[PDB]
>>> print(open('data.pdb').read())   # PDB, C-alpha atoms (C1' of nucleotides)
MODEL        1
ATOM      1  CA  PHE A   9      53.000  20.933 -14.656
ATOM      2  CA  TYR A  10      51.914  17.711 -12.901
ATOM      3  CA  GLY A  11      48.255  18.269 -13.718
ATOM      4  CA  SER A  12      46.721  19.568 -16.942
ATOM      5  CA  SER A  13      48.940  20.269 -19.937
ATOM      6  CA  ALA A  14      46.520  18.857 -22.520
ATOM      7  CA  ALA A  15      43.382  20.120 -20.800
ATOM      8  CA  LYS A  16      44.976  23.377 -19.676
ATOM      9  CA  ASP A  17      43.073  26.680 -19.922
ATOM     10  CA  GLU A  18      39.864  24.653 -19.766
ATOM     11  CA  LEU A  19      37.897  23.492 -16.734
ATOM     12  CA  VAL A  20      38.301  19.882 -15.646
ATOM     13  CA  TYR A  21      35.598  18.097 -13.667
ATOM     14  CA  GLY A  22      36.670  16.144 -10.657
ATOM     15  CA  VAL A  23      34.137  14.486  -8.378
ATOM     16  CA  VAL A  24      34.187  14.803  -4.594
ATOM     17  CA  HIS A  25      32.617  12.227  -2.313
ATOM     18  CA  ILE A  26      31.610  13.720   1.005
ATOM     19  CA  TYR A  27      30.611  11.342   3.754
ATOM     20  CA  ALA A  28      29.428  12.965   6.937
ATOM     21  CA  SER A  29      28.822  10.914  10.038
ATOM     22  CA  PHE A  30      28.861  11.485  13.764
ATOM     23  CA  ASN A  31      32.330  10.032  14.369
ATOM     24  CA  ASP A  32      34.275  11.486  11.441
ATOM     25  CA  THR A  33      33.899  13.334   8.128
ATOM     26  CA  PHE A  34      35.706  12.257   4.945
ATOM     27  CA  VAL A  35      36.626  14.213   1.835
ATOM     28  CA  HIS A  36      37.733  12.172  -1.155
ATOM     29  CA  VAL A  37      38.922  12.953  -4.682
ATOM     30  CA  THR A  38      37.953  11.126  -7.882
ATOM     31  CA  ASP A  39      37.992  12.258 -11.503
ATOM     32  CA  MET A  40      34.739  10.945 -13.047
ATOM     33  CA  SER A  41      36.146   7.436 -12.955
ATOM     34  CA  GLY A  42      36.449   6.346  -9.359
ATOM     35  CA  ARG A  43      39.188   3.962 -10.506
ATOM     36  CA  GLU A  44      41.927   6.437  -9.674
ATOM     37  CA  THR A  45      42.246   9.097  -7.064
ATOM     38  CA  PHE A  46      44.760  11.623  -5.754
ATOM     39  CA  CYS A  47      43.933  12.310  -2.136
ATOM     40  CA  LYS A  48      41.983  10.963   0.810
ATOM     41  CA  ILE A  49      41.417  13.426   3.643
ATOM     42  CA  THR A  50      39.843  12.684   7.016
ATOM     43  CA  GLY A  51      38.604  15.157   9.645
ATOM     44  CA  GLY A  52      40.691  13.299  12.248
ATOM     45  CA  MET A  53      43.993  14.432  10.707
ATOM     46  CA  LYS A  54      43.206  18.145  10.964
ATOM     47  CA  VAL A  55      41.401  18.167  14.314
ATOM     48  CA  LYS A  56      42.092  15.834  17.240
ATOM     49  CA  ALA A  57      39.673  14.655  19.961
ATOM     50  CA  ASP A  58      37.000  12.314  18.619
ATOM     51  CA  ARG A  59      33.982  14.546  19.331
ATOM     52  CA  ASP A  60      35.432  17.379  17.255
ATOM     53  CA  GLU A  61      36.490  15.250  14.265
ATOM     54  CA  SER A  62      32.891  15.273  13.003
ATOM     55  CA  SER A  63      32.232  18.919  13.909
ATOM     56  CA  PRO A  64      31.801  21.729  11.293
ATOM     57  CA  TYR A  65      35.311  23.106  12.003
ATOM     58  CA  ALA A  66      36.871  19.721  11.014
ATOM     59  CA  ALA A  67      35.168  19.906   7.584
ATOM     60  CA  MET A  68      36.238  23.469   6.642
ATOM     61  CA  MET A  69      39.864  22.970   7.836
ATOM     62  CA  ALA A  70      40.057  19.788   5.726
ATOM     63  CA  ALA A  71      38.347  21.403   2.711
ATOM     64  CA  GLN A  72      41.163  23.956   2.263
ATOM     65  CA  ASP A  73      43.623  21.064   1.732
ATOM     66  CA  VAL A  74      41.317  19.694  -0.974
ATOM     67  CA  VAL A  75      41.726  22.940  -2.963
ATOM     68  CA  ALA A  76      45.495  22.958  -2.271
ATOM     69  CA  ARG A  77      45.939  19.539  -3.889
ATOM     70  CA  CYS A  78      43.352  20.048  -6.668
ATOM     71  CA  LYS A  79      45.168  22.968  -8.291
ATOM     72  CA  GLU A  80      48.248  20.686  -8.581
ATOM     73  CA  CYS A  81      46.161  17.961 -10.256
ATOM     74  CA  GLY A  82      44.723  20.315 -12.898
ATOM     75  CA  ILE A  83      41.269  20.073 -11.313
ATOM     76  CA  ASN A  84      39.289  23.309 -11.164
ATOM     77  CA  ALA A  85      35.597  22.473 -11.473
ATOM     78  CA  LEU A  86      34.262  19.935  -8.986
ATOM     79  CA  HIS A  87      31.107  17.888  -9.177
ATOM     80  CA  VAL A  88      30.037  16.877  -5.682
ATOM     81  CA  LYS A  89      28.129  13.890  -4.339
ATOM     82  CA  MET A  90      26.794  14.177  -0.805
ATOM     83  CA  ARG A  91      26.400  10.952   1.141
ATOM     84  CA  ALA A  92      24.616  10.439   4.435
ATOM     85  CA  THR A  93      25.197   7.064   6.086
ATOM     86  CA  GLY A  94      24.651   3.313   5.517
ATOM     87  CA  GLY A  95      21.417   1.518   4.635
ATOM     88  CA  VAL A  96      21.334  -0.049   8.115
ATOM     89  CA  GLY A  97      22.348   3.273   9.616
ATOM     90  CA  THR A  98      20.191   6.379   9.352
ATOM     91  CA  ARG A  99      19.314   8.667   6.439
ATOM     92  CA  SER A 100      20.879  11.733   8.098
ATOM     93  CA  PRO A 101      24.417  13.074   7.443
ATOM     94  CA  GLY A 102      26.510  14.402  10.338
ATOM     95  CA  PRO A 103      27.231  18.107  10.963
ATOM     96  CA  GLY A 104      30.300  18.021   8.666
ATOM     97  CA  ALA A 105      28.010  18.462   5.657
ATOM     98  CA  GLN A 106      27.098  22.017   4.531
ATOM     99  CA  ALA A 107      30.384  23.224   6.048
ATOM    100  CA  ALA A 108      32.619  21.557   3.447
ATOM    101  CA  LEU A 109      30.680  22.834   0.388
ATOM    102  CA  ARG A 110      30.881  26.490   1.465
ATOM    103  CA  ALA A 111      34.601  26.215   2.308
ATOM    104  CA  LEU A 112      35.315  24.955  -1.242
ATOM    105  CA  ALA A 113      33.113  27.529  -3.018
ATOM    106  CA  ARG A 114      34.704  30.443  -1.117
ATOM    107  CA  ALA A 115      38.154  29.003  -1.915
ATOM    108  CA  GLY A 116      37.592  29.691  -5.611
ATOM    109  CA  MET A 117      36.691  26.194  -6.816
ATOM    110  CA  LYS A 118      33.662  25.933  -9.079
ATOM    111  CA  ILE A 119      30.817  23.691  -7.975
ATOM    112  CA  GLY A 120      28.123  22.389 -10.289
ATOM    113  CA  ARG A 121      25.864  19.335 -10.497
ATOM    114  CA  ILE A 122      25.654  18.444  -6.791
ATOM    115  CA  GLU A 123      23.809  15.166  -6.216
ATOM    116  CA  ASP A 124      22.528  13.011  -3.378
ATOM    117  CA  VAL A 125      24.186   9.616  -3.705
ATOM    118  CA  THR A 126      23.629   7.474  -0.644
ATOM    119  CA  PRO A 127      22.781   3.797  -0.037
ATOM    120  CA  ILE A 128      19.059   3.530   0.663
ATOM    121  CA  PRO A 129      17.688  -0.062   0.588
ATOM    122  CA  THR A 130      14.711  -1.408  -1.330
ATOM    123  CA  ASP A 131      14.900  -3.599   1.711
ATOM    124  CA  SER A 132      17.804  -5.027   3.673
ATOM    125  CA  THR A 133      18.540  -6.958   6.825
ATOM    126  CA  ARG A 134      17.319  -6.529  10.415
ATOM    127  CA  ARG A 135      18.523  -3.132  11.660
ATOM    128  CA  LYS A 136      20.971  -3.097  14.586
ATOM    129  CA  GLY A 137      19.103  -2.415  17.783
ATOM    130  CA  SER A 138      16.592  -4.551  19.608
ATOM    131  CA  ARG A 139      12.817  -4.953  19.769
ATOM    132  CA  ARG A 140      12.816  -2.745  22.864
ATOM    133  CA  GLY A 141      15.401  -0.400  21.317
ATOM    134  CA  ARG A 142      18.603   1.037  22.751
ATOM    135  CA  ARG A 143      16.962   2.574  25.866
TER
ATOM    136  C1'   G B   1     -68.624  -3.494 -28.706
ATOM    137  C1'   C B   2     -70.421  -7.708 -32.369
ATOM    138  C1'   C B   3     -71.133 -10.459 -36.908
ATOM    139  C1'   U B   4     -69.971 -11.145 -41.891
ATOM    140  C1'   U B   5     -67.157 -10.049 -46.593
ATOM    141  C1'   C B   6     -62.262  -8.577 -48.149
ATOM    142  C1'   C B   7     -57.035  -8.244 -47.036
ATOM    143  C1'   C B   8     -57.158 -14.219 -46.523
ATOM    144  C1'   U B   9     -52.673 -15.781 -39.780
ATOM    145  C1'   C B  10     -44.707 -14.878 -41.405
ATOM    146  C1'   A B  11     -39.829 -17.995 -37.549
ATOM    147  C1'   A B  12     -37.330 -23.303 -44.199
ATOM    148  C1'   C B  13     -42.360 -25.725 -41.016
ATOM    149  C1'   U B  14     -45.810 -21.988 -40.264
ATOM    150  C1'   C B  15     -51.359 -21.215 -40.954
ATOM    151  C1'   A B  16     -56.482 -23.418 -42.973
ATOM    152  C1'   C B  17     -59.571 -27.964 -44.564
ATOM    153  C1'   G B  18     -60.346 -33.525 -45.109
ATOM    154  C1'   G B  19     -59.111 -39.035 -44.894
ATOM    155  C1'   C B  20     -59.333 -42.164 -40.965
ATOM    156  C1'   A B  21     -54.328 -45.045 -39.618
ATOM    157  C1'   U B  22     -51.731 -45.404 -35.351
ATOM    158  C1'   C B  23     -50.539 -44.718 -30.057
ATOM    159  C1'   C B  24     -52.883 -44.121 -24.898
ATOM    160  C1'   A B  25     -54.384 -43.247 -17.166
ATOM    161  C1'   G B  26     -52.086 -39.077 -15.696
ATOM    162  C1'   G B  27     -52.439 -31.453 -14.716
ATOM    163  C1'   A B  28     -54.892 -31.017  -9.073
ATOM    164  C1'   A B  29     -49.789 -29.908  -6.368
ATOM    165  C1'   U B  30     -50.532 -25.087   0.524
ATOM    166  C1'   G B  31     -46.748 -21.612   0.238
ATOM    167  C1'   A B  32     -41.376 -20.432  -1.169
ATOM    168  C1'   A B  33     -39.613 -17.261   5.533
ATOM    169  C1'   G B  34     -35.131  -9.858   4.149
ATOM    170  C1'   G B  35     -34.500 -19.131   7.386
ATOM    171  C1'   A B  36     -30.424 -23.027   5.543
ATOM    172  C1'   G B  37     -28.194 -25.893   0.805
ATOM    173  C1'   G B  38     -27.330 -25.861  -4.563
ATOM    174  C1'   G B  39     -27.000 -23.419 -10.035
ATOM    175  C1'   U B  40     -25.486 -19.644 -13.629
ATOM    176  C1'   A B  41     -22.785 -14.898 -14.922
ATOM    177  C1'   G B  42     -19.642 -10.453 -14.936
ATOM    178  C1'   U B  43     -11.690 -13.053 -18.160
ATOM    179  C1'   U B  44     -16.388 -10.044 -10.995
ATOM    180  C1'   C B  45     -13.470  -8.622  -5.980
ATOM    181  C1'   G B  46      -9.130  -8.980  -2.537
ATOM    182  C1'   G B  47      -1.306  -7.504   1.270
ATOM    183  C1'   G B  48      -6.692 -15.088   1.053
ATOM    184  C1'   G B  49      -3.891 -20.115   0.409
ATOM    185  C1'   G B  50      -0.238 -23.743  -2.320
ATOM    186  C1'   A B  51       3.382 -24.519  -6.422
ATOM    187  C1'   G B  52       7.170 -23.115 -10.243
ATOM    188  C1'   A B  53      10.289 -19.207 -12.465
ATOM    189  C1'   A B  54      12.530 -14.458 -12.528
ATOM    190  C1'   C B  55      13.417  -9.183 -10.347
ATOM    191  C1'   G B  56      15.182  -5.167  -6.783
ATOM    192  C1'   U B  57      18.685  -2.419  -3.865
ATOM    193  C1'   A B  58      20.906  -2.758   0.729
ATOM    194  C1'   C B  59      23.731  -5.602   4.718
ATOM    195  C1'   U B  60      28.121  -8.986   4.989
ATOM    196  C1'   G B  61      32.298 -11.321   2.581
ATOM    197  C1'   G B  62      35.708 -12.099  -1.544
ATOM    198  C1'   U B  63      38.398 -10.407  -5.999
ATOM    199  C1'   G B  64      40.536  -6.527  -9.230
ATOM    200  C1'   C B  65      41.759  -1.415 -10.300
ATOM    201  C1'   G B  66      43.667   3.404  -7.279
ATOM    202  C1'   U B  67      44.821   6.492  -3.091
ATOM    203  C1'   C B  68      47.690   6.799   2.106
ATOM    204  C1'   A B  69      47.130   7.135   7.889
ATOM    205  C1'   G B  70      44.348   6.851  10.733
ATOM    206  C1'   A B  71      39.652   4.138  11.172
ATOM    207  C1'   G B  72      35.637   1.722  14.415
ATOM    208  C1'   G B  73      32.632   3.699  18.454
ATOM    209  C1'   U B  74      30.710   7.003  22.568
ATOM    210  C1'   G B  75      28.178  11.527  26.921
ATOM    211  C1'   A B  76      33.692  11.187  27.178
ATOM    212  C1'   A B  77      36.416   6.807  26.224
ATOM    213  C1'   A B  78      38.258   2.037  25.727
TER
ENDMDL
END
>>> encode(input="data.pdb", output="structure tokens")
Amino acid sequence: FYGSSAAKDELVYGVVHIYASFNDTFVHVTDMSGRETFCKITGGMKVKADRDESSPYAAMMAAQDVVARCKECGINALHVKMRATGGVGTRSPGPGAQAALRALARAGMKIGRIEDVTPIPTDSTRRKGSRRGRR
RNA sequence: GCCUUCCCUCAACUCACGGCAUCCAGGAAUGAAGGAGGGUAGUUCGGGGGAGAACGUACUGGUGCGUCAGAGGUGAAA
């Protein structure tokens, strides 16, 4: 088929970048290269209304269309990299994390070697805000 | 306790005895304050100060390699 035919009957390790924020959730597909990709999924496609595009439901509904497209790319095993937010944002992911993982596991994809890959500064620029804060 | 004898006074000059040759005023000042100043030493002690050279990720932008439809953002939106 389109996917494995020289890696077939053997697990293949993709990589999945998960970026969870409070405006959307992203689920991306990479192959231990990051130079080539197959699919880019956003919460906002599956669920409409901007509040609910970062909600748990968004994640899970999106996650099932990861699995759908992975089994056509020969990908079976998935390494995962969880990302929070920017280095001048916070250090907290949105609610779309922890939802996506479970949705993939339950959908028969293997998961191993999860990691925390996020941009944390040694130090960076003045954080957005003010001296007196947002109020 | 003391005298004498005996061992018999070491740091390259040290100890004992003698010649006589020299040079030539000099030691008579209160003390050293849990008062001040200074010296020396531990390659002491420290986000102390100046200079010069590298290092770290992030933010932002650009470039290249891929993907494809929404993304920013909010209480909700725009």
>>> closest_atom_pairs(input="data.pdb", of="chain A", to="chain B", cutoff="8 Å", atoms="only C-alpha atoms (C1' of nucleotides)", output="tab-separated table")
residue	atom	partner	partner_atom	distance
A:31	CA	B:73	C1'	7.5
A:43	CA	B:66	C1'	5.5
A:44	CA	B:66	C1'	4.2
A:45	CA	B:67	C1'	5.4
A:46	CA	B:67	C1'	5.8
A:47	CA	B:67	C1'	6.0
A:48	CA	B:67	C1'	6.6
A:52	CA	B:70	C1'	7.6
A:53	CA	B:70	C1'	7.6
A:95	CA	B:58	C1'	5.8
A:96	CA	B:59	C1'	6.9
A:127	CA	B:58	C1'	6.9
A:128	CA	B:58	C1'	6.6
A:129	CA	B:58	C1'	4.2
A:130	CA	B:57	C1'	4.8
A:131	CA	B:58	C1'	6.1
A:132	CA	B:58	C1'	4.8
A:133	CA	B:59	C1'	5.8
>>> closest_residue(input="data.pdb", among="A:59, A:121, A:136, A:25", to="residue 75 in chain B", atoms="all atoms listed in the file")
A:59
>>> resolve_selection(input="data.pdb", expression="the PyMOL selection byres ((chain A and resi 85) around 12)", output="ChimeraX atom specification")
/A:18-24,39-40,75,78-79,81-84,86-88,112-113,115-122
>>> axis_aligned_box(input="data.pdb", around="range 20-37 of chain B", padding_each_side="4 Å", output="AutoDock Vina command-line options")
--center_x -43.8 --center_y -27.6 --center_z -16.8 --size_x 39.1 --size_y 43.5 --size_z 56.4
>>> atom_distance(input="data.pdb", atom1="CA of residue 11 in chain A", atom2="CA of residue 42 in chain A")
17.3 Å
>>> atom_distance(input="data.pdb", atom1="CA of residue 135 in chain A", atom2="CA of residue 62 in chain A")
23.4 Å
>>> closest_residue(input="data.pdb", among="A:72, A:50, A:138, A:98", to="residue 35 in chain A", atoms="all atoms listed in the file")
A:50
>>> resolve_selection(input="data.pdb", expression="the PyMOL selection byres ((chain A and resi 71) around 10)", output="mmCIF file with C-alpha atoms, in the frame of the given file")
data_model
loop_
_atom_site.group_PDB
_atom_site.id
_atom_site.type_symbol
_atom_site.label_atom_id
_atom_site.label_comp_id
_atom_site.auth_asym_id
_atom_site.auth_seq_id
_atom_site.Cartn_x
_atom_site.Cartn_y
_atom_site.Cartn_z
ATOM 1 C CA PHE A 34 35.706 12.257 4.945
ATOM 2 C CA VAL A 35 36.626 14.213 1.835
ATOM 3 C CA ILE A 49 41.417 13.426 3.643
ATOM 4 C CA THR A 50 39.843 12.684 7.016
ATOM 5 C CA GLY A 51 38.604 15.157 9.645
ATOM 6 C CA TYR A 65 35.311 23.106 12.003
ATOM 7 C CA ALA A 66 36.871 19.721 11.014
ATOM 8 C CA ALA A 67 35.168 19.906 7.584
ATOM 9 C CA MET A 68 36.238 23.469 6.642
ATOM 10 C CA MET A 69 39.864 22.970 7.836
ATOM 11 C CA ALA A 70 40.057 19.788 5.726
ATOM 12 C CA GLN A 72 41.163 23.956 2.263
ATOM 13 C CA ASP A 73 43.623 21.064 1.732
ATOM 14 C CA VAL A 74 41.317 19.694 -0.974
ATOM 15 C CA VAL A 75 41.726 22.940 -2.963
ATOM 16 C CA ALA A 76 45.495 22.958 -2.271
ATOM 17 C CA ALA A 107 30.384 23.224 6.048
ATOM 18 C CA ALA A 108 32.619 21.557 3.447
ATOM 19 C CA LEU A 109 30.680 22.834 0.388
ATOM 20 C CA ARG A 110 30.881 26.490 1.465
ATOM 21 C CA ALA A 111 34.601 26.215 2.308
ATOM 22 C CA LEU A 112 35.315 24.955 -1.242
ATOM 23 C CA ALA A 113 33.113 27.529 -3.018
ATOM 24 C CA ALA A 115 38.154 29.003 -1.915
#
>>> atom_distance(input="data.pdb", atom1="CA of residue 137 in chain A", atom2="CA of residue 56 in chain A")
29.4 Å
>>> closest_residue(input="data.pdb", among="A:77, A:14, A:32, A:37", to="residue 57 in chain A", atoms="only C-alpha atoms")
A:32
>>> build_atoms(input="data.pdb", residues="range 97-114 of chain A", atoms="N, CA and C atoms", output="PDB file, in the frame of the given file")
ATOM      1  N   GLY A  97      22.317   2.084   8.799  1.00  0.00           N
ATOM      2  CA  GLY A  97      22.348   3.273   9.616  1.00  0.00           C
ATOM      3  C   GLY A  97      21.114   4.084   9.362  1.00  0.00           C
ATOM      4  N   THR A  98      21.274   5.427   9.402  1.00  0.00           N
ATOM      5  CA  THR A  98      20.191   6.379   9.352  1.00  0.00           C
ATOM      6  C   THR A  98      20.130   6.887   7.933  1.00  0.00           C
ATOM      7  N   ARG A  99      19.408   8.007   7.715  1.00  0.00           N
ATOM      8  CA  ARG A  99      19.314   8.667   6.439  1.00  0.00           C
ATOM      9  C   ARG A  99      19.796  10.083   6.619  1.00  0.00           C
ATOM     10  N   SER A 100      20.450  10.395   7.767  1.00  0.00           N
ATOM     11  CA  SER A 100      20.879  11.733   8.098  1.00  0.00           C
ATOM     12  C   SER A 100      22.384  11.795   7.982  1.00  0.00           C
ATOM     13  N   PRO A 101      22.996  12.783   7.322  1.00  0.00           N
ATOM     14  CA  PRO A 101      24.417  13.074   7.443  1.00  0.00           C
ATOM     15  C   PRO A 101      24.722  13.715   8.775  1.00  0.00           C
ATOM     16  N   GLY A 102      26.014  13.694   9.182  1.00  0.00           N
ATOM     17  CA  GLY A 102      26.510  14.402  10.338  1.00  0.00           C
ATOM     18  C   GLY A 102      26.606  15.890  10.096  1.00  0.00           C
ATOM     19  N   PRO A 103      27.091  16.659  11.072  1.00  0.00           N
ATOM     20  CA  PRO A 103      27.231  18.107  10.963  1.00  0.00           C
ATOM     21  C   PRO A 103      28.325  18.564  10.025  1.00  0.00           C
ATOM     22  N   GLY A 104      29.166  17.650   9.482  1.00  0.00           N
ATOM     23  CA  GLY A 104      30.300  18.021   8.666  1.00  0.00           C
ATOM     24  C   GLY A 104      29.891  18.344   7.254  1.00  0.00           C
ATOM     25  N   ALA A 105      28.620  18.045   6.894  1.00  0.00           N
ATOM     26  CA  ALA A 105      28.010  18.462   5.657  1.00  0.00           C
ATOM     27  C   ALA A 105      27.556  19.885   5.813  1.00  0.00           C
ATOM     28  N   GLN A 106      27.536  20.639   4.680  1.00  0.00           N
ATOM     29  CA  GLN A 106      27.098  22.017   4.531  1.00  0.00           C
ATOM     30  C   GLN A 106      28.204  22.982   4.878  1.00  0.00           C
ATOM     31  N   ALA A 107      29.189  22.517   5.678  1.00  0.00           N
ATOM     32  CA  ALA A 107      30.384  23.224   6.048  1.00  0.00           C
ATOM     33  C   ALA A 107      31.397  23.124   4.940  1.00  0.00           C
ATOM     34  N   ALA A 108      31.584  21.894   4.397  1.00  0.00           N
ATOM     35  CA  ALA A 108      32.619  21.557   3.447  1.00  0.00           C
ATOM     36  C   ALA A 108      32.397  22.264   2.137  1.00  0.00           C
ATOM     37  N   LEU A 109      31.151  22.204   1.609  1.00  0.00           N
ATOM     38  CA  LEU A 109      30.680  22.834   0.388  1.00  0.00           C
ATOM     39  C   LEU A 109      31.048  24.299   0.321  1.00  0.00           C
ATOM     40  N   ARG A 110      30.729  25.056   1.402  1.00  0.00           N
ATOM     41  CA  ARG A 110      30.881  26.490   1.465  1.00  0.00           C
ATOM     42  C   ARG A 110      32.339  26.860   1.476  1.00  0.00           C
ATOM     43  N   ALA A 111      33.156  26.129   2.274  1.00  0.00           N
ATOM     44  CA  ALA A 111      34.601  26.215   2.308  1.00  0.00           C
ATOM     45  C   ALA A 111      35.292  26.064   0.968  1.00  0.00           C
ATOM     46  N   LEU A 112      34.753  25.206   0.068  1.00  0.00           N
ATOM     47  CA  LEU A 112      35.315  24.955  -1.242  1.00  0.00           C
ATOM     48  C   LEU A 112      34.930  26.061  -2.187  1.00  0.00           C
ATOM     49  N   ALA A 113      33.640  26.479  -2.172  1.00  0.00           N
ATOM     50  CA  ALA A 113      33.113  27.529  -3.018  1.00  0.00           C
ATOM     51  C   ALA A 113      33.835  28.844  -2.844  1.00  0.00           C
ATOM     52  N   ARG A 114      33.936  29.305  -1.573  1.00  0.00           N
ATOM     53  CA  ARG A 114      34.704  30.443  -1.117  1.00  0.00           C
ATOM     54  C   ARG A 114      36.182  30.393  -1.411  1.00  0.00           C
TER      55      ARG A 114
END
